[PDB]
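Below, in structure tokens: the form deposited in one PDB entry, a single chain.
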């Protein structure tokens, strides 16, 4: 399929733009003429072994969540319809704006303002708690999978970076991409999450469930506050070293129980802090509170919540039901 602007799918959907393209296929914006001209997003997924399972799985999850919550009141993306189409699976969603990643990137990796982080954090927690209440774990939370509802924006010239800068009119979000979401009673893949957002119990192959999402959210929130990913590595041992730099030592029981022995020596990470890699980690990462940009109470409150989300032991990690009551959110209520 070429999906030029102007092409039509299933009579009702007129393509107006391609929003993005990947190896899986593409995401297009369409006018849905059947529904009165509403614009929608259509994920057009190649119906081949490499991509089909995630498409079919997302469709099942979202059909369930749509039955449970037909008006989409918990900040989860609303799938409107799905269909078979000439060797592709097309999944039609409400149209959303750019991802939170996209926004930060287009703004030169400047971080979000704390007031917007508070609102976005609450909405992410509310959405994922809804999944947790329904025996689901998302497993792939990251900024790319949190989309702004609207991209409309105001623009001031910012003299400190010597250019115009956009501020969103509305920081409301939806959580997207339910292709990895897993029910409690379903097969759990050994490896889940995008590497930078992956919980320690996943890395150590200790078993995972809902708490691994809370770890990912902690990772997201600190990235919103700083503008950069806090664990920038593809190496598991280095990732654990970065964790230890930011958060202190791993709990001994987790190190003792893991079968991933290659990471450890005498039940400590097998890591030379003064090697070239160790020197890099020491400069790339710092103890969590040193990342704070202010000592204002509200910054302290955010960092308290982040620390609770980045608890190593998933049995001790804050739940999203508890997170929604955290004092950081008082200013919203």
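Numbering follows the first chain given and starts at 1. So that the term is clear: the rigid core is the largest set of C-alpha atoms that superpose within 1.5 Å between two forms.
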property	result
Stretch exceeding the other in mean C-alpha B-factor - 151-159, 176-184	151-159
Comparing 242-250 with 75-83, the one whose average Cα B-factor in the PDB entry is higher	75-83
Residue, from 142, 138, 118, 261, that the PDB entry assigns the highest Cα B-factor	261
Residue with maximal Cα B-factor (values as given in the PDB entry) among 55, 297, 305, 31	297
CA B-factor ranking of residue 223, expressed as a third of its chain	lowest
Third of the chain, ranked by Cα B-factor, where residue 273 sits	lowest
Residue 309 by Cα B-factor - lowest, middle or highest third of the modelled chain	lowest
Ranked against its chain, the third holding the CA B-factor of residue 99	lowest
Chain-relative CA temperature factor third for residue 191	highest
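Omitted from view is the form deposited in another entry, to which the following refers.
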| query | finding |
| --- | --- |
| Option from 47, 57, 68, 307 moving between this form and the one not shown, CA shift at or above 2 Å, rigid core reference | 47 |
| Residue 287 C-alpha relocation of at least 2 Å between this form and the one not shown, rigid core basis | no |
| Rigid-core frame, C-alpha of residue 108, shift of 2 angstroms or more between this form and the one not shown | no |
| Core fit, then residue 268 C-alpha moves 2 Å or more between this form and the one not shown | no |
